[PDB]
Structures are given as C-alpha cells and as structure tokens.
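Shown below: upload.pdb, with PDB, C-alpha atoms.
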ATOM      1  CA  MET A   1     -13.908 -16.645   0.834
ATOM      2  CA  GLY A   2     -10.545 -16.302   2.675
ATOM      3  CA  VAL A   3      -7.015 -15.876   1.192
ATOM      4  CA  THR A   4      -4.529 -13.237   2.438
ATOM      5  CA  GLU A   5      -1.876 -12.958  -0.329
ATOM      6  CA  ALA A   6      -1.099 -13.901  -4.029
ATOM      7  CA  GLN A   7      -3.975 -11.678  -5.347
ATOM      8  CA  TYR A   8      -2.589 -11.125  -8.925
ATOM      9  CA  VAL A   9       0.859  -9.393  -8.728
ATOM     10  CA  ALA A  10       1.451  -7.258 -11.872
ATOM     11  CA  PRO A  11       3.724  -4.240 -10.966
ATOM     12  CA  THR A  12       5.099  -1.416 -13.221
ATOM     13  CA  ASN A  13       7.780   1.000 -11.886
ATOM     14  CA  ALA A  14      10.031   1.423  -8.788
ATOM     15  CA  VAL A  15       7.218   2.833  -6.531
ATOM     16  CA  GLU A  16       4.797   0.081  -7.737
ATOM     17  CA  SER A  17       7.165  -2.899  -7.202
ATOM     18  CA  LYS A  18       9.065  -1.522  -4.157
ATOM     19  CA  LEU A  19       5.859  -0.671  -2.229
ATOM     20  CA  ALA A  20       4.274  -4.050  -3.173
ATOM     21  CA  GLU A  21       7.505  -5.558  -1.698
ATOM     22  CA  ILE A  22       7.335  -3.271   1.415
ATOM     23  CA  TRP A  23       3.605  -4.093   1.932
ATOM     24  CA  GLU A  24       4.009  -7.905   1.535
ATOM     25  CA  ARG A  25       7.009  -7.830   3.939
ATOM     26  CA  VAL A  26       5.657  -5.360   6.596
ATOM     27  CA  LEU A  27       2.112  -6.903   6.529
ATOM     28  CA  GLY A  28       3.679 -10.283   7.479
ATOM     29  CA  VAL A  29       6.218 -11.753   5.010
ATOM     30  CA  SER A  30       3.957 -13.550   2.514
ATOM     31  CA  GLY A  31       3.521 -11.940  -0.953
ATOM     32  CA  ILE A  32       0.479  -9.844  -1.965
ATOM     33  CA  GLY A  33      -0.860  -8.261  -5.198
ATOM     34  CA  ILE A  34      -1.035  -4.695  -6.604
ATOM     35  CA  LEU A  35      -4.770  -4.605  -5.676
ATOM     36  CA  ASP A  36      -3.487  -5.739  -2.210
ATOM     37  CA  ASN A  37      -6.058  -7.509   0.009
ATOM     38  CA  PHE A  38      -7.882  -4.074   0.159
ATOM     39  CA  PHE A  39      -8.505  -4.617   3.925
ATOM     40  CA  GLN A  40      -5.455  -5.561   6.087
ATOM     41  CA  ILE A  41      -2.890  -3.128   4.500
ATOM     42  CA  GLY A  42      -4.746  -0.188   6.159
ATOM     43  CA  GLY A  43      -4.831  -1.926   9.581
ATOM     44  CA  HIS A  44      -7.012  -0.457  12.372
ATOM     45  CA  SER A  45      -4.063  -0.457  14.854
ATOM     46  CA  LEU A  46      -0.292   0.472  14.692
ATOM     47  CA  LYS A  47      -0.502  -0.161  10.887
ATOM     48  CA  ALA A  48      -2.182   3.238  10.201
ATOM     49  CA  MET A  49       0.677   4.921  12.186
ATOM     50  CA  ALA A  50       3.519   2.900  10.545
ATOM     51  CA  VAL A  51       1.988   3.433   7.057
ATOM     52  CA  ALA A  52       1.539   7.192   7.875
ATOM     53  CA  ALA A  53       5.318   7.366   8.606
ATOM     54  CA  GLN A  54       6.008   5.843   5.124
ATOM     55  CA  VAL A  55       3.297   8.058   3.499
ATOM     56  CA  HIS A  56       5.193  11.008   5.064
ATOM     57  CA  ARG A  57       8.871  10.199   4.167
ATOM     58  CA  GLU A  58       8.394   8.205   0.896
ATOM     59  CA  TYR A  59       4.940   9.380  -0.340
ATOM     60  CA  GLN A  60       5.203  13.087   0.786
ATOM     61  CA  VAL A  61       1.351  13.363   0.941
ATOM     62  CA  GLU A  62       1.213  12.120   4.631
ATOM     63  CA  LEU A  63      -2.461  10.936   4.810
ATOM     64  CA  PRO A  64      -3.138   8.014   7.281
ATOM     65  CA  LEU A  65      -6.210   5.748   6.759
ATOM     66  CA  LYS A  66      -7.374   7.876   3.751
ATOM     67  CA  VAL A  67      -4.802   6.688   1.130
ATOM     68  CA  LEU A  68      -4.829   3.254   2.905
ATOM     69  CA  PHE A  69      -8.597   2.544   2.499
ATOM     70  CA  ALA A  70      -9.662   4.923  -0.347
ATOM     71  CA  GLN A  71      -6.583   3.836  -2.378
ATOM     72  CA  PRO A  72      -6.158   0.203  -0.996
ATOM     73  CA  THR A  73      -4.055  -0.716  -4.078
ATOM     74  CA  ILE A  74      -0.519   0.266  -5.140
ATOM     75  CA  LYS A  75      -1.987   1.163  -8.595
ATOM     76  CA  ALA A  76      -3.896   4.100  -7.014
ATOM     77  CA  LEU A  77      -1.076   4.723  -4.446
ATOM     78  CA  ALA A  78       1.488   5.151  -7.298
ATOM     79  CA  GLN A  79      -0.868   7.526  -9.215
ATOM     80  CA  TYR A  80      -1.173   9.632  -6.015
ATOM     81  CA  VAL A  81       2.619   9.790  -5.353
ATOM     82  CA  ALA A  82       4.562   9.197  -8.635
ATOM     83  CA  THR A  83       2.325  11.419 -10.820
ATOM     84  CA  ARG A  84       1.495  14.657  -8.917
ATOM     85  CA  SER A  85       3.788  14.038  -5.854
TER
END
Encoded form using structure tokens:
Amino acid sequence: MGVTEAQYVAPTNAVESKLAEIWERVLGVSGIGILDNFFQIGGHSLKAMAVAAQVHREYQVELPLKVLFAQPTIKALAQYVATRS
C-alpha cells in the first residue's frame, strides 16, 4: 500500500551487496531490499537502457527488461550472473 525502499535487506556476496548498493543509489539514493521493489528497478524509460549497460559490462548476459522484470530481485540476478556467468 505504498513504500519505495527498506523492503528487507539481507545480502550475501559481492554481487548481491554491490548491486543492492548500485540499485538503491541509481534508482534514487534511498536504500532498497534484495527483493527490490519488484517494479521501479526495471523502469519503463532510460532505466531499461542504463540497466542493460550494467547487465552488459558487469553481468555479461546483456538482457534488458527480461532480467529486470523476470528476475526483479538481486537474489535471482546473482544466481543468473555469479553462478553460470
């Protein structure tokens, strides 16, 4: 019924914590959870492009919107990038 940030916040490794940091900063300096807000992190604007750039260079799987909405949580994001890579 509202709320943008402070979802839970229980990280794990570098990718987990660092991307949670990157997300909470880039999304608008606030502080989100691992589960994210499962909506806004995808972002139906420049967000998809900016995230795609990161998903290229840092994730190496380079899939805009798909990893953003189908994996709208750093838990699933980490398992996609720091597992099979």
### Task
Please measure the separation of CA of residue 33 in chain A and CA of residue 11 in chain A, giving the value in Å to one decimal.
8.4 Å
### Task
Considering all atoms listed in the file, return as a ChimeraX atom specification whatever protein or nucleic-acid residues lie within 6 Å of range 24-32 of chain A, sequence-local ones (same chain, fewer than 2 positions apart) excluded.
/A:5-7,21-22,36
#### Entry: Selection under test: the PyMOL selection byres ((chain A and resi 19) around 12); residues as a PyMOL selection string
chain A and resi 9+11-18+20-27+31-36+41+51+54-55+58-59+73-78+81-82
Prev. selection, C-alpha atoms, output as a PDB file, in the coordinates of the input:
ATOM      1  CA  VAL A   9       0.859  -9.393  -8.728  1.00  0.00           C
ATOM      2  CA  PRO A  11       3.724  -4.240 -10.966  1.00  0.00           C
ATOM      3  CA  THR A  12       5.099  -1.416 -13.221  1.00  0.00           C
ATOM      4  CA  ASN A  13       7.780   1.000 -11.886  1.00  0.00           C
ATOM      5  CA  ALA A  14      10.031   1.423  -8.788  1.00  0.00           C
ATOM      6  CA  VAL A  15       7.218   2.833  -6.531  1.00  0.00           C
ATOM      7  CA  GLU A  16       4.797   0.081  -7.737  1.00  0.00           C
ATOM      8  CA  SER A  17       7.165  -2.899  -7.202  1.00  0.00           C
ATOM      9  CA  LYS A  18       9.065  -1.522  -4.157  1.00  0.00           C
ATOM     10  CA  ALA A  20       4.274  -4.050  -3.173  1.00  0.00           C
ATOM     11  CA  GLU A  21       7.505  -5.558  -1.698  1.00  0.00           C
ATOM     12  CA  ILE A  22       7.335  -3.271   1.415  1.00  0.00           C
ATOM     13  CA  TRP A  23       3.605  -4.093   1.932  1.00  0.00           C
ATOM     14  CA  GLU A  24       4.009  -7.905   1.535  1.00  0.00           C
ATOM     15  CA  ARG A  25       7.009  -7.830   3.939  1.00  0.00           C
ATOM     16  CA  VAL A  26       5.657  -5.360   6.596  1.00  0.00           C
ATOM     17  CA  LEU A  27       2.112  -6.903   6.529  1.00  0.00           C
ATOM     18  CA  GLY A  31       3.521 -11.940  -0.953  1.00  0.00           C
ATOM     19  CA  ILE A  32       0.479  -9.844  -1.965  1.00  0.00           C
ATOM     20  CA  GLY A  33      -0.860  -8.261  -5.198  1.00  0.00           C
ATOM     21  CA  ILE A  34      -1.035  -4.695  -6.604  1.00  0.00           C
ATOM     22  CA  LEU A  35      -4.770  -4.605  -5.676  1.00  0.00           C
ATOM     23  CA  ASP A  36      -3.487  -5.739  -2.210  1.00  0.00           C
ATOM     24  CA  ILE A  41      -2.890  -3.128   4.500  1.00  0.00           C
ATOM     25  CA  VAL A  51       1.988   3.433   7.057  1.00  0.00           C
ATOM     26  CA  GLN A  54       6.008   5.843   5.124  1.00  0.00           C
ATOM     27  CA  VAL A  55       3.297   8.058   3.499  1.00  0.00           C
ATOM     28  CA  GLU A  58       8.394   8.205   0.896  1.00  0.00           C
ATOM     29  CA  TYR A  59       4.940   9.380  -0.340  1.00  0.00           C
ATOM     30  CA  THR A  73      -4.055  -0.716  -4.078  1.00  0.00           C
ATOM     31  CA  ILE A  74      -0.519   0.266  -5.140  1.00  0.00           C
ATOM     32  CA  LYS A  75      -1.987   1.163  -8.595  1.00  0.00           C
ATOM     33  CA  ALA A  76      -3.896   4.100  -7.014  1.00  0.00           C
ATOM     34  CA  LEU A  77      -1.076   4.723  -4.446  1.00  0.00           C
ATOM     35  CA  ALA A  78       1.488   5.151  -7.298  1.00  0.00           C
ATOM     36  CA  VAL A  81       2.619   9.790  -5.353  1.00  0.00           C
ATOM     37  CA  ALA A  82       4.562   9.197  -8.635  1.00  0.00           C
TER      38      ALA A  82
END
### Residue among A:65, A:72, A:10, A:3 lying closest to residue 48 in chain A, counting all atoms listed in the file
A:65
### Task
Tell me, in Å to one decimal, how far CA of residue 39 in chain A is from CA of residue 56 in chain A.
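Computed distance, CA of residue 39 in chain A to CA of residue 56 in chain A, equals 20.8 Å.
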### Query
Could you state the separation of CA of residue 85 in chain A and CA of residue 44 in chain A in Å, given to one decimal place?
25.7 Å
#### Entry: Selection result of the PyMOL selection byres ((chain A and resi 64) around 7) on this file, as a PyMOL selection string
chain A and resi 48-49+51-52+62-63+65-68
Axis-aligned box for all listed atoms of range 32-50 of chain A, 4 Å per side, centre and edges in Å to one decimal, as JSON:
{"center_x": -2.5, "center_y": -2.5, "center_z": 4.1, "size_x": 20.0, "size_y": 22.8, "size_z": 29.5}
For range 21-40 of chain A, which lacks atoms in the input, supply N, CA, C and O atoms and format the output as a short mmCIF file (atom, residue, chain, number, x, y, z; two decimals), in the coordinates of the input.
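Output below, filename rebuild-v3.cif:
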data_model
loop_
_atom_site.label_atom_id
_atom_site.label_comp_id
_atom_site.auth_asym_id
_atom_site.auth_seq_id
_atom_site.Cartn_x
_atom_site.Cartn_y
_atom_site.Cartn_z
N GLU A 21 6.46 -4.90 -2.52
CA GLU A 21 7.50 -5.56 -1.70
C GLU A 21 7.41 -5.15 -0.21
O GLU A 21 7.19 -6.01 0.64
N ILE A 22 7.44 -3.85 0.05
CA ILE A 22 7.34 -3.27 1.42
C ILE A 22 6.05 -3.76 2.12
O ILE A 22 6.15 -4.44 3.14
N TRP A 23 4.91 -3.62 1.44
CA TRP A 23 3.60 -4.09 1.93
C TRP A 23 3.60 -5.59 2.28
O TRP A 23 3.53 -5.91 3.47
N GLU A 24 3.97 -6.44 1.33
CA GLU A 24 4.01 -7.90 1.54
C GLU A 24 4.98 -8.40 2.63
O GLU A 24 4.84 -9.53 3.10
N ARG A 25 6.04 -7.62 2.85
CA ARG A 25 7.01 -7.83 3.94
C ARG A 25 6.44 -7.35 5.29
O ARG A 25 6.14 -8.18 6.16
N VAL A 26 6.13 -6.06 5.38
CA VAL A 26 5.66 -5.36 6.60
C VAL A 26 4.33 -5.94 7.14
O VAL A 26 4.20 -6.15 8.34
N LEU A 27 3.41 -6.27 6.23
CA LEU A 27 2.11 -6.90 6.53
C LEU A 27 2.22 -8.29 7.20
O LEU A 27 1.29 -8.74 7.87
N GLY A 28 3.41 -8.90 7.06
CA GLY A 28 3.68 -10.28 7.48
C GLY A 28 4.12 -11.09 6.26
O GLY A 28 3.28 -11.43 5.42
N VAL A 29 5.43 -11.01 6.03
CA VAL A 29 6.22 -11.75 5.01
C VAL A 29 5.50 -12.95 4.36
O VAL A 29 5.42 -14.05 4.90
N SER A 30 4.83 -12.61 3.26
CA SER A 30 3.96 -13.55 2.51
C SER A 30 4.02 -13.40 0.99
O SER A 30 4.44 -14.32 0.29
N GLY A 31 3.48 -12.27 0.49
CA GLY A 31 3.52 -11.94 -0.95
C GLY A 31 2.13 -11.62 -1.52
O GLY A 31 1.43 -12.50 -2.01
N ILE A 32 1.82 -10.33 -1.55
CA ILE A 32 0.48 -9.84 -1.96
C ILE A 32 0.49 -9.30 -3.41
O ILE A 32 1.54 -9.23 -4.05
N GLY A 33 -0.67 -8.80 -3.84
CA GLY A 33 -0.86 -8.26 -5.20
C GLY A 33 -0.92 -6.73 -5.18
O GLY A 33 -1.06 -6.11 -4.13
N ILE A 34 -0.91 -6.16 -6.37
CA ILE A 34 -1.03 -4.70 -6.60
C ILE A 34 -2.33 -4.12 -5.99
O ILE A 34 -2.27 -3.22 -5.16
N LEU A 35 -3.44 -4.80 -6.29
CA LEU A 35 -4.77 -4.61 -5.68
C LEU A 35 -4.81 -4.85 -4.15
O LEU A 35 -5.84 -4.67 -3.50
N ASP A 36 -3.69 -5.34 -3.62
CA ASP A 36 -3.49 -5.74 -2.21
C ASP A 36 -4.56 -6.76 -1.78
O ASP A 36 -4.99 -7.58 -2.59
N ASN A 37 -4.86 -6.81 -0.49
CA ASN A 37 -6.06 -7.51 0.01
C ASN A 37 -7.19 -6.51 0.34
O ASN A 37 -8.21 -6.90 0.89
N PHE A 38 -7.04 -5.26 -0.12
CA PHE A 38 -7.88 -4.07 0.16
C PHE A 38 -8.49 -3.84 1.56
O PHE A 38 -9.26 -2.91 1.78
N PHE A 39 -8.12 -4.70 2.51
CA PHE A 39 -8.51 -4.62 3.92
C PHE A 39 -7.28 -4.40 4.84
O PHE A 39 -6.88 -3.26 5.11
N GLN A 40 -6.56 -5.49 5.11
CA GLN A 40 -5.46 -5.56 6.09
C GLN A 40 -4.30 -4.55 5.97
O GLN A 40 -3.83 -4.07 7.00
#
